[PDB]
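Some notes on the structure that comes next.
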Amino acid sequence: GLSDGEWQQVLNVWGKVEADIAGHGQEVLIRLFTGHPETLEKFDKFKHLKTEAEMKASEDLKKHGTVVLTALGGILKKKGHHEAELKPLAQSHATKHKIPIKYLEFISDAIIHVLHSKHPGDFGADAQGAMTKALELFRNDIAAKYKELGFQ
Ligand code: HEM
C-alpha cells in the first residue's frame, strides 16, 4: 500500500527508465544473470551465454529486457490496481516458466542496483523507498497467486 506521494515518486523514477527502456532492461537482466547464475538456467534462449561480453552483445537479451520492463511499467502505472495485468504474469511464471518467488526478489533488488548505477546521485532516498515499496507490492501480489496455485 502506497500513498499518492509515493506513487508520484515511483512514476517520476520510471520516467528515467522510459527514456532508455532497452538499456535499462539489458542491464537489469545482466545484473540478475551475473549475480545469480542459476537464474540463467530458466531461460532456454539465454543459457548459451557464458560471458558477460556475450550477454552485452546479445540483441535478443536487450529485446527481452524491453518486454520485461514494458510489462512492469504497465503494472506500475496502475498504482496498485493491477489485478488484471498481474494475473497472467503470475500464472505464466508459476506454471510455465517455474520461477520461484526468490528470483522475483533477486530481480527487484537488481532494479534498485541498476537505477543507482545509471543515475548516481539522482536516485534519492525517498525515491528508493517508494520504488522498493512498489516492487514489494508487486512481489506480494504475485506471492498470493503462487500460494493459490501451490507453487514453490
Ligand atoms: C519484474 C519481473 C518480471 C516481469 C515483469 C516479467 C515479465 C515477463 C514477460 C512479459 C514475459 C513474456 C510473456 C510471458 O511468458 O508471460 C516473460 C517471460 C519469461 N520470464 Fe519473466 N518477468 C519477470 C521476472 C522473471 C524472472 C525473475 C525470471 C527468471 C529468473 C523470469 C523468467 C521468464 C522466462 C524464462 C520467460 C520466457 C522467456 C522466453 O523463452 O521467451 N521472469 N517475463
Side-chain angles (χ1 to χ4, degrees), residues 6-79 82 84-143 145-146 149 151-152:
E6 289 172 326
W7 282 119
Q8 213 192 67
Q9 288 291 294
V10 172
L11 293 178
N12 187 74
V13 169
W14 198 253
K16 298 174 156 24
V17 179
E18 294 202 324
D20 179 14
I21 199 135
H24 285 83
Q26 186 191 41
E27 295 191 29
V28 166
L29 291 178
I30 292 178
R31 174 71 180 182
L32 179 71
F33 292 161
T34 59
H36 309 278
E38 72 272 32
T39 61
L40 190 61
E41 295 306 316
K42 293 289 182 177
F43 291 88
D44 283 316
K45 67 177 183 187
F46 298 136
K47 70 222 185 200
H48 72 282
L49 293 167
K50 297 274 91 205
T51 69
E52 180 174 335
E54 298 184 307
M55 286 183 202
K56 211 86 100 203
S58 172
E59 300 295 336
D60 198 53
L61 187 157
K62 176 198 289 203
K63 179 179 182 175
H64 197 68
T66 300
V67 169
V68 173
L69 292 192
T70 296
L72 181 59
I75 289 169
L76 291 177
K77 289 171 191 228
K78 297 295 274 255
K79 304 194 308 177
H82 53 223
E85 291 78 15
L86 190 142
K87 185 179 190 183
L89 291 183
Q91 300 201 303
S92 73
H93 286 63
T95 68
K96 183 164 206 313
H97 310 317
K98 309 198 181 83
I99 301 312
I101 200 78
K102 188 84 195 175
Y103 296 181
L104 292 172
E105 179 194 347
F106 292 162
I107 205 176
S108 294
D109 286 337
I111 288 166
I112 297 300
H113 190 273
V114 167
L115 288 169
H116 278 301
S117 178
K118 295 183 73 58
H119 313 278
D122 196 36
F123 184 37
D126 54 347
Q128 181 176 337
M131 188 65 44
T132 297
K133 276 178 66 161
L135 295 171
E136 283 167 351
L137 174 61
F138 166 78
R139 195 152 78 243
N140 193 64
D141 282 355
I142 294 177
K145 302 310 163 343
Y146 275 28
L149 301 169
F151 179 64
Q152 294 285 351

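Scope of the values below: all heavy atoms of this structure, side chains included, with no hydrogens, waters or symmetry mates. In this chain, residues are counted from 1 in sequence order.
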Rounded to the nearest 0.5 Å, what's the gap from [atom1] on [X] to [atom2] on [Y]? Could you check?
X	Y	atom1	atom2	answer
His116	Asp122	NE2	CG	10.5 Å
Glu85	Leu72	CD	CG	12.0 Å
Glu27	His24	CD	NE2	7.0 Å
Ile107	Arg31	CD1	CZ	12.5 Å
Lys63	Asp60	NZ	CG	6.0 Å
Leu104	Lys102	CG	NZ	11.5 Å

Problem set entry | Test side chain to side chain contact (heavy atoms under 4.5 Å, CB included) applied to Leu32 and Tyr103, step by step | CA-CA 9 Å; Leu32 179 71; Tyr103 296 181; 5.6 Å; no

For this session: Assign the ring pair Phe43 / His64 to parallel, tilted or perpendicular, where the plane angle (0 to 90°) is split at 30° and 60°.
Result: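 Judged by the thresholds at 30° and 60°, the geometry between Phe43 and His64 is perpendicular.
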
For this session: Kindly say whether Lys98 contributes a backbone atom to a donor-acceptor pair with the side chain of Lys42 at under 3.5 angstrom?
Result: yes

Exercise. Does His93 use its side chain to pair, donor to acceptor, with the backbone of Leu89 at less than 3.5 Å?
Worked result: yes

Would you call [X]-[Y] a salt bridge at under 4.0 Å N-O?
X	Y	value
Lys77	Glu18	yes
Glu136	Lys133	no
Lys56	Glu52	yes

Seminar exercise, completed: What one should report as the nearest heavy-atom pair of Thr70 and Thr66 is OG1-O, 2.7 Å

Seminar exercise, completed: For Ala134 and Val10 the tightest heavy-atom approach is CB-CG2, 3.9 Å

